[PDB]
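Single chain ahead, by itself, as structure tokens, in the form deposited in one PDB entry.
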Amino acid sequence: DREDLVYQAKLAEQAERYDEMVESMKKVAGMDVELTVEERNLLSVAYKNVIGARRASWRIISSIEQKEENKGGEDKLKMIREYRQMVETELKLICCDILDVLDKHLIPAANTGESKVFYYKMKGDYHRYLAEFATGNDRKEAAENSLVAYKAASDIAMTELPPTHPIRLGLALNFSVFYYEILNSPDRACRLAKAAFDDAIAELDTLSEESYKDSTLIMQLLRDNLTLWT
């Protein structure tokens, strides 16, 4: 039945029905056991697509809102703001969903360095998504929770994973985006991203047959952001 759920998740992925993909992978996470690499990646993909669609919607709607604020479009702004607020409710629910699964199921059952760093990184990510649209105290709270999670993941990563590991590099990339976009700290963002990149360059012999393309891609993404920021 675990195998049955994974197969249902893959069918949903093929069909691009990511809502159903999430439902199937939530059930697997519900079993309170260590997920395989395949299962962690399917769970990550499912939520990344479900939340990604709403974050893209929110950025579009927000750009339209900024356009009308500049034009003085008061009547449209009433509709735009209500619309944005609806999408934020969806975002909050999606984040709370995965954050509850991480807290009750995935983190407690995690028993490898890789899976622990993966789930604390995910925990940092979904608090970061909360912080993207949050205002005032809610933003401070989501940023504090994201920071704590990224620190816990970074502690385990530095002790358990080589600097070339894609989960470690992805963690560095996301944490640097966190410093830049949430904490408003380009200095800290560039330092982390450059440090992670240089540490990988120094130990390229730790690259794995399983993931070297993923590491390469992430290293390129670190370099691209650094290009943007500097």
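Basically, rigid core = biggest C-alpha set you can superpose within 1.5 Å across the two forms. Residues that one form lacks are left out of the comparison. Note that residue numbering follows the sequence shown and begins at 1.
Pick between 136-144 and 150-158: the one whose mean CA B-factor in the entry is higher.
-> Per the PDB entry, the higher value belongs to 136-144.
Average Cα temperature factor in the PDB entry - higher stretch of 167-175, 201-209 | Higher mean C-alpha B-factor in the PDB entry: 201-209.
Relative to the other modelled residues of the same chain, rank the CA B-factor of residue 14 and answer lowest, middle or highest third.
-> Lowest third, going by the recorded CA B-factors of the chain.
CA B-factor ranking of residue 72, expressed as a third of its chain = Its C-alpha B-factor, which the entry lists for residue 72, ranks in the middle third among residues of this chain.
If you rank every modelled residue in this chain by C-alpha B factor, which third holds residue 55: lowest, middle or highest?
-> Residue 55: CA B-factor falls in the middle third of its chain.
Going by what the PDB entry lists, where does residue 102 fall on CA B-factor within its chain: lowest, middle or highest third?
-> Within its chain, residue 102 is a middle-third residue by C-alpha B-factor, going by the deposited values.
Looking at the C-alpha B-factor of residue 39, is it in the lowest, middle or highest third of its chain?
-> Ranked within chain, residue 39 CA B lands in the middle tercile.
Heads up, the form deposited in another entry isn't pictured, but that's what we're talking about next.
Taking the rigid core as the frame, does residue 24 move its C-alpha by 2 Å or more between this form and the one not shown?
-> No: residue 24 shifts by under 2 Å between this form and the one not shown.
With both forms fitted on the core, give yes or no for whether the Cα of residue 207 moves by 2 angstroms or more between this form and the one not shown.
-> Yes, shifts by 2 Å or more.
Sequence-ordered runs, three or more residues, C-alpha shift 2 Å or more between this form and the one not shown, rigid core = Run found: 205-214, no others.
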